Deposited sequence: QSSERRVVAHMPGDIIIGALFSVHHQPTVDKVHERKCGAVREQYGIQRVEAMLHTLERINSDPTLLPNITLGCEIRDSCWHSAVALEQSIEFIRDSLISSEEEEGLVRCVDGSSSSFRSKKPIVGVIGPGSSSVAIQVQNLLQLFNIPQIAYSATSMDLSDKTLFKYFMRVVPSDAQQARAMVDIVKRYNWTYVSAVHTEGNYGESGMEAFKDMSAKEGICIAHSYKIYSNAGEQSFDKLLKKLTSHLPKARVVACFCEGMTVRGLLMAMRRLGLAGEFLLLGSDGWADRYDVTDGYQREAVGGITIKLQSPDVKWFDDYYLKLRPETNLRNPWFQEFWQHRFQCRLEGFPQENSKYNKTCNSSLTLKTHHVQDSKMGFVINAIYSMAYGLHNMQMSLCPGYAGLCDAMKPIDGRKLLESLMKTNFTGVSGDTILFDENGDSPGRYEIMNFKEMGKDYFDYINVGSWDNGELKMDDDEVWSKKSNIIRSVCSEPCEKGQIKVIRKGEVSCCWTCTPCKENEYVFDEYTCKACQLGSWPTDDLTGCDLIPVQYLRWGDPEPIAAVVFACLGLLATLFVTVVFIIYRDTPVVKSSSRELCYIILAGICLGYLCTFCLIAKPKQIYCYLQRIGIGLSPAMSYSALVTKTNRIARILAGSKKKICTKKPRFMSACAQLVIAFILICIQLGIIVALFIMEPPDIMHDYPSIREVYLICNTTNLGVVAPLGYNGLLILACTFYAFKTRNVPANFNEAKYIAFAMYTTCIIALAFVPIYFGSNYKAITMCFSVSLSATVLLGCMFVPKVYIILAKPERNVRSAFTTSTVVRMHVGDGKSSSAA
């Protein structure tokens, strides 16, 4: 059977330390674990052997009673550890009062399922699963190291700190890896992280499995460069050997967990491939007295550690002759000058092992003090040491560790801890070692960003797509990982609403700069000034001066017989209307306002009706004679026909400015002028024009005072064509106001030019 390392005592506590390597894949069934381990094996085994013969020699802990030990090998396998635990409990079918729990979390679970039946407390130093924190299933399990929830949080913090978004995930099969990845996914995908794929692999899988895994990992190589390994000690080594085999030598940045840590045995011979990796290590200062005791050890003297001779032969490649464990495999013979001092590395968690073997001692001491305070030794009430009492005392245990910090188990049998984010760099030529960079204690991580990536060209960001926010572009996600987007550009009309929708602005509106929001488009009107309104207003002003001159001539020659042929008042109402129609242009081309446009409508309406109606009455009188003072009256009544019409139109169309939007980009303001509200007065004016066309066609060339009718007929004919010429523009355009102004102005200055100008032209003679 297997060998065991006894040491005598009054109270015996067990331990399970992974002295030998994991059994190979092909010999799992035989359960014959392979090579020996130094750090995880002989160092730990020696620690107990010492940290009990310190406790025994110390009078202040457990006086007059001697803790012994039975240290037994678990080969880091759940099957072997279970058989060893069975060997532990064979006595209960001297009793074992407790064990120092095996390193692996899955192995810890397997051994706990058996130990809790016989009420045997178990203390772990490296088991770091969340699954072991549930006291319903694991009542008799306590740890001196924090859970790996905090470790997953630390890894997530590291990932989020360096913009890393698109990462790959690898985890060892078991409880450690499974729980690690579960926590990592749950608490990462929430915040910002985005896992490309997750792969699982056994520690003892063949090289073929690792090759396949590396191919699958390289499948996403261009984008996902960070691999987040909640993996174990040997899984990462397998990955490194696969990397060496496949020729890939630094396209990945492995992001380890507390299986890689500070360990040198996982990067021996493959330092070129793992350079740049970030690991997370439970903090524990190196003990000193253990080194002093350990370095002086020799294979000749240490008989109490049955694995010592084999390890001694394995480390320095030679053989021992004068001892049974010759192991003739090694050729040369060891000389009496070899020592462990050279290339001596004391692993992490050597603080934790001693802290455990203490916590157990302090629990025993407290329960001894409580049960029989008077006696000093094994009292009658202690001979069958009760598991329940021991666990009750152990739950509330509280002391100072070797590191100087204090140890307390909370309600979950757990102890708090701080992480230390190591980094694998290359100091000199062919010289690699782990460099402490950061830390993480209770959600706060201090990181030396300078030490990692001693430059500004850090590792390529593990992102699926570049930041898509340069302007109008707006990301669309194609069903796959929510962190792969395309850069589809929205249109100029819309602005980015969120980041996945862009929404159109109002009918009169435009997106602001940088597409941040939307704001009202500036309004445009016919400003006072401008090219064309000057050409309008100068025409209007010169027309006003001309008509003032004409009325001055009229009033001067008030009683002249050559002009006292027609009704003088009739030849007045014309010019008054002309003047009003002239000021109509001025009140038309102006800043749109409530007070202005109704007056503008009145101007465009009445003047070219009343003046032309006076002309109609004059032509009526002439044609009928070829009456009395009633004609001035009929004029007034004829005018009014229109005043009533326009006042009626004023009701359904009150003067109020509305904004016009011919296109999405420009906005104009005009009042309630409408096609129906303009055509009707223009229609009436047109009807009057057609009525007076008949009388024009009647008069032809009648010999009158200075041949007035001959000029007025031609004038009215010209006005007809000028009026009908401008309709296509006015129907469809944005120049309605200026066109109306021009049309009115040009319709005027023509009738006066032929009805009054020749009279004034010859009035000088």
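Q: Could you list, start to end, the deposited-sequence stretches with no C-alpha atoms?
A: Those stretches are 1 to 4, 98 to 120, 654 to 668, 808 to 836, listed in order.
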